[PDB]
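Chains as they are written, first to last, in the entry's author numbering: chain B, 6 to 323; chain D, 22 to 353; chain E, 2 to 119, 134 to 354; chain A, 176 to 278, 329 to 391, 398 to 662, 699 to 733, 769 to 781; chain C, 11 to 335.
A short write-up of the structure that comes next.
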Amino acid sequence: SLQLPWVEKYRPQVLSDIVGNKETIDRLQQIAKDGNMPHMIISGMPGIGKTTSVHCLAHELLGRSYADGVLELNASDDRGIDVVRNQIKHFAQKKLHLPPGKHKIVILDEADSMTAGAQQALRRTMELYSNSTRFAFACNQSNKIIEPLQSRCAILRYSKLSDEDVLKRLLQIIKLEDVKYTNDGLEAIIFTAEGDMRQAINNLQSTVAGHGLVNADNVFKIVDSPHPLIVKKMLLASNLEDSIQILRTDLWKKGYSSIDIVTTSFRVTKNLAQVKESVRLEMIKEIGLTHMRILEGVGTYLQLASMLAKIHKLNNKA
Amino acid sequence: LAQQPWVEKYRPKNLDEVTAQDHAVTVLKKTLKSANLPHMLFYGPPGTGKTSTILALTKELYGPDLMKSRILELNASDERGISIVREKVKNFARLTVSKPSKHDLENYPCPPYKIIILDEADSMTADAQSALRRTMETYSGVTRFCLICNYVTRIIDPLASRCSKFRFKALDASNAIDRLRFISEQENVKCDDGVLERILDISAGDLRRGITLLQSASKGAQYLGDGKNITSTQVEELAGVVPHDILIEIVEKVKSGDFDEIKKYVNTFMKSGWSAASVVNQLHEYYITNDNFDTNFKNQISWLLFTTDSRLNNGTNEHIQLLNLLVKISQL
Amino acid sequence: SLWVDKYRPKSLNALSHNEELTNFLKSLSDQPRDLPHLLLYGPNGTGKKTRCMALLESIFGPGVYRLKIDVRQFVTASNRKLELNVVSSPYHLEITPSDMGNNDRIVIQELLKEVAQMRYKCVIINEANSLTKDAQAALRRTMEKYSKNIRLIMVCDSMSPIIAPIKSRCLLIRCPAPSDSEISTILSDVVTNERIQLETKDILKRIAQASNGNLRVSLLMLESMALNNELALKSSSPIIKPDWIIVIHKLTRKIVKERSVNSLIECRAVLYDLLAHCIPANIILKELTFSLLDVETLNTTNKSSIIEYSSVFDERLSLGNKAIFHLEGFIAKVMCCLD
Amino acid sequence: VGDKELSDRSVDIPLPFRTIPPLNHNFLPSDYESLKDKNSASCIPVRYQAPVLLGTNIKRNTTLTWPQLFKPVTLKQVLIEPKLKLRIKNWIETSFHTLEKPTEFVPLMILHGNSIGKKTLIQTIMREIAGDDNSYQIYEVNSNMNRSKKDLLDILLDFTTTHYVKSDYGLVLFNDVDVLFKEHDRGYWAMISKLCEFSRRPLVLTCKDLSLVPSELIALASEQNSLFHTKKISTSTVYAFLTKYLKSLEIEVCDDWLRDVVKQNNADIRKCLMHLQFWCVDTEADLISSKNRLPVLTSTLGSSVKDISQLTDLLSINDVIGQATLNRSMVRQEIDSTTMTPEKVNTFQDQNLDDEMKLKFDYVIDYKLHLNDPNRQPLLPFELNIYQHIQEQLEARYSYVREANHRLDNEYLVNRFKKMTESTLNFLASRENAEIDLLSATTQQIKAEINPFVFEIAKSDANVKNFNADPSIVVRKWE
Amino acid sequence: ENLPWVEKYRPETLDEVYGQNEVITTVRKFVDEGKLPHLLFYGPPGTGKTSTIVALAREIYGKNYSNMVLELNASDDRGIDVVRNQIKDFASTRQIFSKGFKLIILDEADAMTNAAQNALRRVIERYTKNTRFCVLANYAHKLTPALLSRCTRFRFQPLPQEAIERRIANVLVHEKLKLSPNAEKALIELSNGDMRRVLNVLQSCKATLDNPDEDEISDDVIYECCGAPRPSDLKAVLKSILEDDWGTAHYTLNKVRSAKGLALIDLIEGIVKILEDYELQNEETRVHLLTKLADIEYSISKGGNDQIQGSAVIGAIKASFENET
Ligand SMILES: Nc1ncnc2c1ncn2[C@@H]1O[C@H](COP(=O)(O)OP(=O)(O)OP(O)(O)=S)[C@@H](O)[C@H]1O
Ligand SMILES: Nc1ncnc2c1ncn2[C@@H]1O[C@H](COP(=O)(O)OP(=O)(O)OP(O)(O)=S)[C@@H](O)[C@H]1O
Ligand SMILES: Nc1ncnc2c1ncn2[C@@H]1O[C@H](COP(=O)(O)OP(=O)(O)OP(O)(O)=S)[C@@H](O)[C@H]1O
Ligand SMILES: Nc1ncnc2c1ncn2[C@@H]1O[C@H](COP(=O)(O)OP(=O)(O)OP(O)(O)=S)[C@@H](O)[C@H]1O
Ligand SMILES: Nc1ncnc2c1ncn2[C@@H]1O[C@H](COP(=O)(O)OP(=O)(O)O)[C@@H](O)[C@H]1O
Ligand SMILES: [Mg+2]
Ligand SMILES: [Mg+2]
Ligand SMILES: [Mg+2]
């Protein structure tokens, strides 16, 4: 049949289990405990726990009245001007009895895809019906929402998850799932995570399903991206011919696009610590120039070869 | 009506009338006698005779009255690759052949499929990896697309798979001289010796550029009203080419080696109005072709000239680039 | 009502200098049925725009010089207040592309479509060298398709950055800077038309050399000189210059006389003062470079290094957004090389 | 057809053929642990003191939202200048007195501006004049219903013609008259025209910018001196109002965080109260970092000129890279449907399109034509951005880069140029044709030559003042 | 019959998909286990993503395949609203079916926008139990990361030499053609892991032959039908640049460029590829050559005149290879 993915099987059902952004999570917990939910626009990078946070907040605020107190408007359902003018207005005008302090919930996930006119009609129905219902937004980009909506909401800028909270939650999941782990494998999972908690959970689940013991090489065998160790050796090789060989064989002939190679090289240079800060900045500038030349249209092998030549010159000289 | 541009007035209406290109014209007349051609490409110097060739092909394949109906011309223009090209092609495919004429019966094959001409459609904001694939697969028997390009730089092998690649070789001097002299004598253009070679050298074999330059020179001669033969200097002025005496003075100044003299000469010359790109090109022609310079000097000057030209193409100030280039040449 | 404005020629026969070009334009205006696309290039302030206006006046009539101002507002994907004041007339149109920046493809395409929607309406394009590659391609595509109601006449400082097909499909017209005798004649005509008491004609010659082949700068010099001394020019009156040029000269003096980091801080402050007064960075780089090249205490190799750095940073400026960074980099590079 | 004399041959000029060793990989955990990301000191999250709630206030344990909780009850608390309040109150009472008489007076407003209290002020005026909440009746028109002629024309005429069942202090209030839909709000301006002709109650329209309302309406408003413009309030007064609201709540707060909140919220009263409502709960957690501090700044002089020269070259290359990369996105972005697209305007021009399809896709009625380039689009947040990384790395150790990041702006140096050009126009007028010719002239030469010479003329005429009049404007604009 | 070989020689099952092995083994493990998550195939065109997934879907879906799959295309003339309506109608229906697990065949997702991808992933969220999604793309950098996190990410690499050679051996016996070893070597070198390219070259060579029964196909025929520069011509150009004078090197370069109609760019990458096989005494030679050639290519991409760029290429190569000497 089917197996429940660990991204959804171990999804936190309460606000306490959500890690990262401790101040905002604690304030949301206090709001749920007391009441009087404010209008907020949860903004930040995807996969950091915004939709789960707002859903848990709605759960803790309402309880049994979840079904009839929350109207969820996602990109799957139509969210045009007629939707805002009719169904949101009717839901605000709906007479639902709640304990004091609680209010009806109107969640508009991925609100960055909203049309301008729908947002313009949304501010008035949220200003007039603020005594009975409260709105909650969750968008990846906060600049796609017009200024009047931001003037009526407390914009939440959720930050990227650090390594400590992700690492401890992965330890908790491993302990509750009986997963054999090793330090290098966890470090590789965090390295590929980029703070994308969903990506980290998916990578750990795939590693467990495929290679059993979670080692660094096993994690890097399923990331289907250029290997950070191979890229690091390719950037830091004392011989230019070895670097050209590596990029030709393990990168160009393996189907890795130029954008992926440039991104991996930039990440490796940013992760570098042996070389000086000025030399690191020079390499990052060179990688930025290579990305410039690829964006102009020249994403050719020769551009990567020249970037490697100048990086090797920087390493050998100065 | 009153006037026709000579680039389009003297187009070869007959496929066999096309100058040279025997290996192309014979195969295309055999193909039209077979009454079927696939989606096929061309590659060669711009203005070598690609659009003229396809126009002659569809003239000897279709009827003159059917020109404005069966042929619907979508080149690299205001037409957008996925916006208005696709809908136009689709509603043209739904459209059928109009009434046949009297001369198109048993003389022209007039096959049911249409011919759609796309000139330089590779250089468009929309990448057509499979845009026309289903519209020439489902409508193969009622339409056909021909693509025109300059080089063999194929981007996507789909949409250009069944390709009959024919090559237009570079136009030789003799046939270009003969055709352009024929055009001039039909248009009673008065010119003396050495001129037509100057136009073909300026245009670098581009006959459309050569024809336009000849028309402009004839217009200038008629507007002057003297009636004398057109001289080469008017041709150089009409194309932006710096006169050779100035180039001789420039190379003498950079051979002198005096910095202040070079700066003063550049300052005086930017008041003449001649473009710096033409100066760089003529310096390249005078330096690389010459056999009186050492290998290292040419090796350095080629890179210097290339850097100066690339900087000039980026919309930068011409005086500073020209001064830097002349000084760097002097320091060599 | 400025002198450069009120003494601008308004007819083809009123043109004094470049008699051959005047006759050529007169003969083009002789036949109004055919006007090929013109690309006038040359140094600034030599009469290219004046010649185009005179040609348009001759071909259509007196209504060409009745210009009207239409304000067009546009918004890009970044929601920026892109405003363009399209200068219009009952016989032609004027568009400046560099006032928009990168969006000079979409805005030009929209303007051309709007104009062509309404024998032919001329579109005058100033500083055609500033057009981007996509904008130039769009212009070329407009030329062939819209060759019935739209005839593009472009005036540019330099014709080098233009693409090859535009050169192919245009009648290249060169407008050389007039010889100093012609500037002297024009200034003498202005003087005898407005009664400036000159003790000698050498002042007009000196203004002609000071204008380095620019008519508008010479006229503005005459204006400022006459309004300074109240119609009483003498020989002892010094050749004045705009304040930004003087501050640039002071900056080069400070650069050549001082070797310290605080000198670079002062240079950055002076560049901030210059840019805040709305002066383009290209001419600032030009004047700064060509005043650094005139310093007597420099040898050949240092001056070659200065011109090389100026060229490199001009390349960077033409592909950059913030001019202060590129100008500061050029200052720092010549500053380190000056040691 | 195809003939060539060239034959297959081998190149021997370089060194003999290179033997190619395979490069195997045997990475060990000792180098795997080097993948540990170095602690980025560029990010500088600073904490503030936790709020201490004093006492048990009834206002603290409230249910309504704080901007609604602190809604003004009189004309002193609504944060608006007093002259404008007195003028609008006088107009309202004069209109109510005049409209009682059977009726040259057309009650009309355009309450345009960038303030916040553009709606609550009218309600406070109604509370003041009526003396009770239920005495006055306001038909508040919003954007959440359809502002079409056939859906509201008769209702508005009935409201403005007959009495209200219960002094009938009736008023018609139009919020969000800046936003209009072409088909959803079709015939709206006809509704305003018809109401203005047949009116016996005041009509008030509030907006953000004056240009949306048609020019004849502007002329009618200006003839009766009913065109009221509101301006934003300085940060000092709104900060004082926030301090008064907090001391009314008996909550201790530090002044620096309140100043930062006021600065980042563009001095918006609703936004500030909303942020303080969210961020002043009874919790032990720290507060938002707001404005980030110095992330271990080492903005030294650079010692040798080589280091500062290399840094400036790096800044120039950074600027070039950013200018190239900030407007080139690999992911195509959607085009907003409710936006005045030229293609959408052209589509609506054709009369073949019926009503049902028109309601499906409409646009906001605007005086700006919204163009866009599908190929040239802004970068998405997840996309690679080297420019931002290098900028935050360099600004962490050099403050002057951060200063340069905001010393000059795109909006700046353009309004400054417009102001200088209009001052030059006034000076040249003070001695039409120049009005059109200089605008016809390229703006680059205006920046270059004519403006400094105009300054020279102005300062020469001002020197003898201590052929033209009023030269001080050109002097002060060039200053 | 008289059809293109692209659709004629599609793999009817998973066994005939050569080159890719890890993804096929993972698919076989999935079908043996029964778990079929959301899949995502991407990579260079012609690797066989569509062929692999159609083989999968047919071998799972038997005879009601024609009803219970639907093949979609994001680039067709439907629009975001129409594709959304189609997906909702195909997922929220539960028609007459023997076994469930509805499959989505959505090709060319690289042209999909951010809002469309968000809607797609939301539909994936809502209808996971009944419908499985296998959206297909080609570049992984043109897709929003939220869509990547909800599908089993499988990268596709270009086919190796052995699989291509095995498929050529399979094709030749069926089509009664034959290829010389040098011709096969050149073809697999120019293929660059593009299978459809190989099939089109084979069909073009068969059509080109006057008697396509016992006639041999050489390197010239494939190199002229495909439209690729010949290695011998580029080697001759390189040796003329190296061991010959300036004038004759320029003449040879211009003559080759006019005769074969190859761009200066493709000449530059060909020269780089040829020189990479050879070794250089000094490394600064290679550094300078790579940097100068990259700058020349970048300047060519913007535009200009070709003569000065060819002169720059010749001068840069000469200077680089005299630096080592
Ligand atoms: N801090 C966290 N602690 C625990 N689980 C988390 C955390 N952040 C994310 N997750 C989980 O990761 C997955 C991400 O789901 P979402 O919250 O919907 O992602 P998002 O942050 O809303 O961004 P989107 O959905 O891509 S716009 C869910 O399964 C969450 O439960
Ligand atoms: N063989 C020829 N005989 C006579 N005239 C020719 C010949 N080839 C080209 N021309 C002329 O050159 C003009 C342009 O050349 P073509 O290649 O046919 O058109 P084109 O393809 O549009 O040129 P480009 O590539 O766009 S610059 C034609 O209109 C003819 O007038
Ligand atoms: N001192 C104050 N004066 C005015 N409004 C205040 C004040 N303090 C808080 N507010 C709130 O500020 C808001 C202003 O009224 P709104 O109707 O929300 O906005 P608006 O007047 O329609 O103008 P907008 O939002 O820019 S279109 C109300 O919610 C008030 O409760
Ligand atoms: N591994 C393979 N084994 C056998 N045939 C293959 C293989 N890979 C591709 N092909 C064939 O090559 C052609 C490519 O067809 P498709 O698989 O549809 O292309 P694709 O790989 O999906 O890439 P596109 O451009 O996105 S359709 C078909 O004729 C396939 O049968
Ligand atoms: N033939 C001429 N005789 C006298 N003055 C001229 C002539 N041509 C141009 N000018 C002067 O040039 C000024 C306008 O220059 P303009 O054409 O705008 O320069 P540009 O073409 O570089 O923009 C006018 O004020 C006019 O006095
Ligand atoms: Mg979400
Ligand atoms: Mg053509
Ligand atoms: Mg496919």
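Even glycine gets a Cβ: it sits at the ideal position worked out from N, Cα and C.
Asked	Found
Test: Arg274(E) CB closer than 8 Å to a CB of chain D	no
Residue interval of the beta strand (DSSP E) (run including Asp71(E))	69-76
Neighbourhood of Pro43(B) by C-beta distance below 6 Å, restricted to the same chain and skipping five residues each side	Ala159
Coarse secondary structure for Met422(A), derived from DSSP in three states	helix
Contact set for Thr466(A): own chain, Cβ-Cβ below 6 Å, skip 5 residues either direction	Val493, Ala498
Distance, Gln167(C) Cα to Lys265(C) Cα	38 Å
Every unbroken alpha helix (DSSP H) inside the region 74-131 of chain D [4 residues or more]	88-91, 106-115
For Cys167(D), three-class secondary structure by DSSP	strand
Partner residues on chain B for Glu11(C), Cβ-Cβ distance less than 7 Å	Correct list: empty, because the minimum Cβ distance to chain B is about 34 Å.
Simplified DSSP assignment, three categories, for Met101(E)	coil
Beta-carbon spacing of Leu80(C), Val93(C) below 8 Å	no
Length of the line joining the Cα atoms of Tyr261(B) and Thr268(B)	11 Å
Per-residue contacts from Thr52(D) into chain A (C-beta, under 7 Å)	The contacting residues do not exist; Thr52(D) stays about 14 Å from chain A at best.
Contact test: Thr328(D) Cβ vs ligand 8 heavy atom, cutoff 7 Å	no
Spatial distance of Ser137(B) from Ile112(B) (CA atoms)	14 Å
Beta carbon proximity, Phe345(E) to chain D, threshold 8 Å	no
Contact with chain A by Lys112(C), beta-carbon distance below 8 Å	no
8 Å contact criterion, which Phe113(D) and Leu139(D) should meet: CB distance rounded	Their Cβ separation, rounded to whole angstroms, is 13 Å, which puts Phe113(D) and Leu139(D) out of contact at 8 Å.
Chain-ordered neighbours of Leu7(B) on chain C, where CB pairs are closer than 7 Å	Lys45
Burial state of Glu268(A), where buried means 16 or more other Cβ atoms lie within 10 Å	exposed
Integer-rounded CB distance, given that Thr305(B) should sit under 8 Å from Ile292(B)	Actually they do not touch by this definition, with Cβ atoms about 16 Å apart.
Where residue 382(D) meets chain A, residues with beta-carbon distance less than 9 Å	In this structure chain D extends from 22 to 353, so residue 382(D) is not present and cannot be described.
Beta carbon of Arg203(B) nearer than 8 Å to that of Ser159(C)	yes
Proximal residues to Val408(A) (C-beta, below 6 Å), its chain only, five neighbours per side dropped	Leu436, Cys438
DSSP state of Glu77(B) mapped onto helix, strand, coil	strand
Residue from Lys195(C), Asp225(C), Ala246(C), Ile275(C) whose Cα sits closest to the Cα of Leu263(C)	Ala246(C)
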